[PDB]
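J.: Before we start, here is the structure in question, set down as structure tokens.
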Amino acid sequence: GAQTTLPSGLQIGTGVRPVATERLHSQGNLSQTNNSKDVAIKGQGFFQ
Amino acid sequence: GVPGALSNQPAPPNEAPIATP
Amino acid sequence: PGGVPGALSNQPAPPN
Amino acid sequence: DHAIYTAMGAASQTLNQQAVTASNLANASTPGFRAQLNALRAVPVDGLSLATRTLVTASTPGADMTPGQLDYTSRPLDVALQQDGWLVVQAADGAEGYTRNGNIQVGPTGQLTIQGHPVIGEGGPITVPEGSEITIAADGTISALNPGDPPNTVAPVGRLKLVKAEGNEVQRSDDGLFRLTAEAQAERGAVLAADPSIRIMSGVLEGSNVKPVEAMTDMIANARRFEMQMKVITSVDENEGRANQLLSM
Numbered sequence: 053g054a055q060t061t062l063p064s065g066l067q068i069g070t071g072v073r074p075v076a077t078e079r080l081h082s083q084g085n086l087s088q089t090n091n092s093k094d095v096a097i098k099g100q101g102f103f104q
Numbered sequence: 311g312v313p314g315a316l317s318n319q320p321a322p323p324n325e326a327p328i329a330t331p
Numbered sequence: 309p310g311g312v313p314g315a316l317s318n319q320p321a322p323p324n
Numbered sequence: 002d003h004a005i006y007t008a009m010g011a012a013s014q015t016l017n018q019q020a021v022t023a024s025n026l027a028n029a030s031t032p033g034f035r036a037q038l039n040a041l042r043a044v045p046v047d048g049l050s051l052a053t054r055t056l057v058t059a060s061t062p063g064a065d066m067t068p069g070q071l072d073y074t075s076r077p078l079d080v081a082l083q084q085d086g087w088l089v090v091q092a093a094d095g096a097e098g099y100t101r102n103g104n105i106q107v108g109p110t111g112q113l114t115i116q117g118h119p120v121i122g123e124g125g126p127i128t129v130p131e132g133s134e135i136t137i138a139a140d141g142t143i144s145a146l147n148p149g150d151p152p153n154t155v156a157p158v159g160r161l162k163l164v165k166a167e168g169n170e171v172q173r174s175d176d177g178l179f180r181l182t183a184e185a186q187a188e189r190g191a192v193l194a195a196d197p198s199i200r201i202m203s204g205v206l207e208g209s210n211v212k213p214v215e216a217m218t219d220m221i222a223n224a225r226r227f228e229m230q231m232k233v234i235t236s237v238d239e240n241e242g243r244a245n246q247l248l249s250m
């Protein structure tokens, strides 16, 4: 309304909704497997 | 005057504002 | 010209 | 006969408050959420002769603006603001808006968007060099590091537009984005200037400020008030039922 006093009005919400689930692309730790075929990526990259 | 009497005038409109004008 | 009876006309609403 | 409406109104508006409270509790985990405060205001009916009827109506006097507990997520794009600070984001209708959700995402082409709203800096929306380790300083300075290149670069890009505005001067819009009130717009201009005294922390996300004690007490009070109004309605209805026999001669 037109305005010492509180503001009037009534704005009811509607609820919650998930918008996007994100994955944190931070480099993980390295685990040692002696087999010669496993390799680990040092940085921002993916195998095709 | 007394509630329930007889008068020649209609009562004023019953307004109830939510905020002070 | 009377309006809606009962609930709707007995609730505080801003004039329009 | 109309005393059955007065109480009814209270009962109805009680439900309204409950909705608001639910709308708060559904957003207990929403980042940068500002819980809406609810308040019943009494309106008396003006007219002849004996002013006995006074109805209620619920209202939401803005939001609660006490900053919530911070969440330490190790993401450099996540920001938490000093108390009474706002990020400026372009809203849906090409206009400015203020938000506290500091979860900034990088688009495929390098646009900084919060919840799909492109963030606005000192020069407008920000264009980040496609693919870059963004680091935000304590006052909003953005440094971009391009992969592969050396680290003596970390060249700065821009600075966020951080706005100081207290809770009295701001009203929520229907999209959930806060804006200035008409009085505050008249007294402080249309678009607010960036205040360099606002400190912004990178790597922390601010949560909601929904107090559960207040919500529980509000629910208990609402339930009790609803039961009282239902009892009053029953009493009035029974009285009118007994009274409607007099008409029999």
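Chains as they are written, first to last, in the deposited numbering: chain v, 53 to 55, 60 to 104; chain l, 311 to 331; chain k, 309 to 324; chain q, 2 to 250.
Don't be surprised by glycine CBs; every beta carbon is placed ideally from N, CA and C.
Nearest by alpha-carbon distance to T31 (chain q): which of v:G71, v:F102, v:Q88 is it?
T.: Nearest of v:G71, v:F102, v:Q88 to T31 (chain q), Cα basis: v:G71.
J.: Under 7 Å Cβ-Cβ, which residues of chain q neighbour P320 (chain k)?
T.: By Cβ distance, chain q contributes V44, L56, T58.
J.: Residues of chain l with CB closer than 8 Å to the CB of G71 (chain v), please, in chain order.
T.: Correct list: empty, because the minimum Cβ distance to chain l is about 27 Å.
J.: List in chain order: all unbroken alpha helix (DSSP H) runs of 4+ residues lying wholly within the region 124–207 of chain q.
T.: Whole alpha helix (DSSP H) segments, 4+ residues: 183–189.
J.: Would you call the region 106–119 of chain q in contact with the region 127–135 of chain q, where contact means no fewer than 3 C-beta pairs closer than 8 Å?
T.: The region 106–119 of chain q is in contact with the region 127–135 of chain q.
J.: For chain v, check one thing: does any of its Cβ atoms lie closer than 8 Å to the Cβ of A329 (chain l)?
T.: Yes, because at least one Cβ of chain v sits closer than 8 Å to the Cβ of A329 (chain l).
J.: With a threshold of 7 Å on Cβ separation, who are the neighbours of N102 (chain q) within its own chain once the five nearest residues in sequence on each side are excluded?
T.: Within the same chain, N102 (chain q) has close Cβ partners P32, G33, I115, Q116.
J.: Under 8 Å, do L56 (chain q) and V44 (chain q) count as touching if we go by C-beta distance?
T.: Closer than 8 Å, so yes.
J.: In terms of residue numbering, what span does the alpha helix (DSSP H) encompassing residue 272 (chain q) cover?
T.: Nothing can be reported for residue 272 (chain q): it is not among the residues displayed for chain q, which extend from 2 to 250.
J.: Listing by chain order, which chain q residues have their CB less than 9 Å from the CB of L80 (chain v)?
T.: Residues of chain q passing the Cβ test: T74, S75, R76.
J.: What residue range does the alpha helix (DSSP H) around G10 (chain q) cover?
T.: From DSSP, the alpha helix (DSSP H) with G10 (chain q) extends over 4–26.
J.: Cutting at 8 Å between CB atoms, please list the residues of its own chain near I234 (chain q), excluding the five before and the five after it.
T.: Closer than 8 Å at Cβ, skipping near neighbours: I5, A8, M9, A12.
J.: Under the rule that 16 or more other beta-carbon atoms within 10 Å means buried, what is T100 (chain q), buried or exposed?
T.: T100 (chain q) should be labelled buried.
J.: Contact criterion: CB-CB distance below 8 Å. Does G65 (chain v) meet it with respect to chain q?
T.: For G65 (chain v), the answer is yes, since a Cβ of chain q falls inside 8 Å of its Cβ.
J.: Counting Cβ pairs closer than 8 Å, one from the region 88–100 of chain q and one from the region 65–78 of chain q, do we hit at least three?
T.: Cβ pair count under 8 Å is below three, so no.
J.: Does the beta carbon of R101 (chain q) come closer than 8 Å to any beta carbon on chain v?
T.: Not one chain v Cβ lies under 8 Å of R101 (chain q).
J.: How many Å lie between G311 (chain k) and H3 (chain q) at the Cα?
T.: Using only the alpha carbons, I get a separation of about 16 Å.
J.: Which stretch, first to last residue, makes up the beta strand (DSSP E) that contains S60 (chain q)?
T.: Unbroken beta strand (DSSP E) run through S60 (chain q): 55–60.
J.: Hey, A23 (chain q) and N210 (chain q) are a contact pair by Cβ (cut 8 Å); roughly how many whole angstroms apart?
T.: Contact doesn't hold; Cβ gap of about 16 Å is too wide.
J.: Among q:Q186, q:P68, q:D196, which has the Cα closest to the Cα of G122 (chain q)?
T.: Selected option, being the one with the closest Cα: q:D196.
J.: Would you identify the three-state DSSP class for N104 (chain q), choosing helix, strand or coil?
T.: Strand at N104 (chain q).
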